[PDB]
Number of protein chains: 2
Amino acid sequence: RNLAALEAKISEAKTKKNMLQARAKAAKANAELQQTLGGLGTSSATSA
Amino acid sequence: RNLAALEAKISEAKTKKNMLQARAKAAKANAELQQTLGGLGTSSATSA
């Protein structure tokens with residue numbers, strides 16, 4: 001019983017952390033789009 | 001959407017700067033005509 005439970009616990013702990021990591025990484029990637037767009041061309045090129 | 005907008009922004013930013021540069025260069029060329037004409041022959045050749 002301890003093992004069968006522990007195996008399920010391990011299995012989901014790993015899987016949840018992985019898919020969380022994946023969605024966290026994807027989320028910051030989407031945020032990095034907004035940041036790089038916030039890296040607007042409305043810049044010192046005008047000053048040149 | 002960010003890209004499609006950014007592409008239009010880039011495209012026109014480049015094109016406007018280029019045609020501005022071209023017309024600025026042409027304008028100073030026309031002004032340089034007036035300056036070189038202002039380099040009149042009404043000069044020290046008379047003194048010679």
# chains A, B, ... in the order shown; residues from 1 in each chain; ligands from 1
$ interface_residues --of "chain A" --to "chain B" --cutoff "10 Å" --atoms "only C-alpha atoms" --output "list in words"
residues 33, 34, 36, 37, 38, 40, 41, 42, 45 and 46 of chain A
$ write_last_selection --atoms "N, CA and C atoms" --output "PDB file, in the first residue's frame"
ATOM      1  N   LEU A  33       7.268  38.256 -25.517  1.00  0.00           N
ATOM      2  CA  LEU A  33       6.711  38.908 -26.713  1.00  0.00           C
ATOM      3  C   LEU A  33       6.282  40.330 -26.366  1.00  0.00           C
ATOM      4  N   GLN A  34       5.514  40.485 -25.294  1.00  0.00           N
ATOM      5  CA  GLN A  34       4.956  41.789 -24.947  1.00  0.00           C
ATOM      6  C   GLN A  34       6.067  42.776 -24.571  1.00  0.00           C
ATOM      7  N   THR A  36       9.318  42.536 -25.698  1.00  0.00           N
ATOM      8  CA  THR A  36      10.070  42.847 -26.917  1.00  0.00           C
ATOM      9  C   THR A  36       9.299  43.778 -27.839  1.00  0.00           C
ATOM     10  N   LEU A  37       7.977  43.647 -27.921  1.00  0.00           N
ATOM     11  CA  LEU A  37       7.112  44.640 -28.556  1.00  0.00           C
ATOM     12  C   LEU A  37       7.220  45.985 -27.827  1.00  0.00           C
ATOM     13  N   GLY A  38       7.247  45.977 -26.495  1.00  0.00           N
ATOM     14  CA  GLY A  38       7.564  47.143 -25.674  1.00  0.00           C
ATOM     15  C   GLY A  38       8.957  47.723 -25.944  1.00  0.00           C
ATOM     16  N   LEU A  40       9.855  49.013 -28.486  1.00  0.00           N
ATOM     17  CA  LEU A  40       9.316  49.737 -29.628  1.00  0.00           C
ATOM     18  C   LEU A  40      10.416  50.427 -30.438  1.00  0.00           C
ATOM     19  N   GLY A  41      10.153  50.621 -31.731  1.00  0.00           N
ATOM     20  CA  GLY A  41      10.990  51.400 -32.657  1.00  0.00           C
ATOM     21  C   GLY A  41      10.771  52.924 -32.611  1.00  0.00           C
ATOM     22  N   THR A  42       9.997  53.421 -31.644  1.00  0.00           N
ATOM     23  CA  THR A  42       9.672  54.844 -31.413  1.00  0.00           C
ATOM     24  C   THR A  42      10.834  55.596 -30.737  1.00  0.00           C
ATOM     25  N   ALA A  45      16.389  56.643 -33.148  1.00  0.00           N
ATOM     26  CA  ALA A  45      16.421  56.696 -34.611  1.00  0.00           C
ATOM     27  C   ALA A  45      15.751  57.984 -35.138  1.00  0.00           C
ATOM     28  N   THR A  46      14.693  58.421 -34.459  1.00  0.00           N
ATOM     29  CA  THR A  46      14.054  59.710 -34.710  1.00  0.00           C
ATOM     30  C   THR A  46      15.051  60.833 -34.477  1.00  0.00           C
TER      31      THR A  46
END
$ atom_distance --atom1 "CA of residue 25 (chain B)" --atom2 "CA of residue 43 (chain A)"
22.9 Å
$ select_by_dssp --residues "region 6-47 of chain A" --states "helix (DSSP H, G or I)" --output "ChimeraX atom specification"
/A:6-38
$ write_last_selection --atoms "C-alpha atoms" --output "compact mmCIF listing (two decimals), in the first residue's frame"
# COMPACT_ATOMS: atom_id res chain seq x y z
CA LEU A 6 4.11 6.46 -3.20
CA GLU A 7 4.28 5.52 -6.89
CA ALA A 8 1.13 7.47 -7.69
CA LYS A 9 2.49 10.40 -5.60
CA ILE A 10 5.84 10.35 -7.38
CA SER A 11 4.17 9.98 -10.78
CA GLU A 12 1.90 12.94 -10.43
CA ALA A 13 4.45 15.08 -8.56
CA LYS A 14 6.84 14.71 -11.50
CA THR A 15 4.15 15.15 -14.14
CA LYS A 16 2.60 18.24 -12.54
CA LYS A 17 6.00 19.89 -12.06
CA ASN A 18 6.89 19.17 -15.68
CA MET A 19 3.65 20.55 -17.16
CA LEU A 20 3.83 23.49 -14.74
CA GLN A 21 7.41 24.16 -15.87
CA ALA A 22 6.27 23.90 -19.50
CA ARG A 23 3.33 26.31 -18.98
CA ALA A 24 5.46 28.67 -16.86
CA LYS A 25 8.15 28.74 -19.60
CA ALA A 26 5.46 29.26 -22.26
CA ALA A 27 3.86 32.01 -20.14
CA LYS A 28 7.17 33.91 -19.75
CA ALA A 29 7.78 33.41 -23.48
CA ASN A 30 4.40 35.10 -24.20
CA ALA A 31 5.32 37.89 -21.71
CA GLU A 32 8.70 38.26 -23.48
CA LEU A 33 6.71 38.91 -26.71
CA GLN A 34 4.96 41.79 -24.95
CA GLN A 35 8.28 43.04 -23.53
CA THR A 36 10.07 42.85 -26.92
CA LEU A 37 7.11 44.64 -28.56
CA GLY A 38 7.56 47.14 -25.67
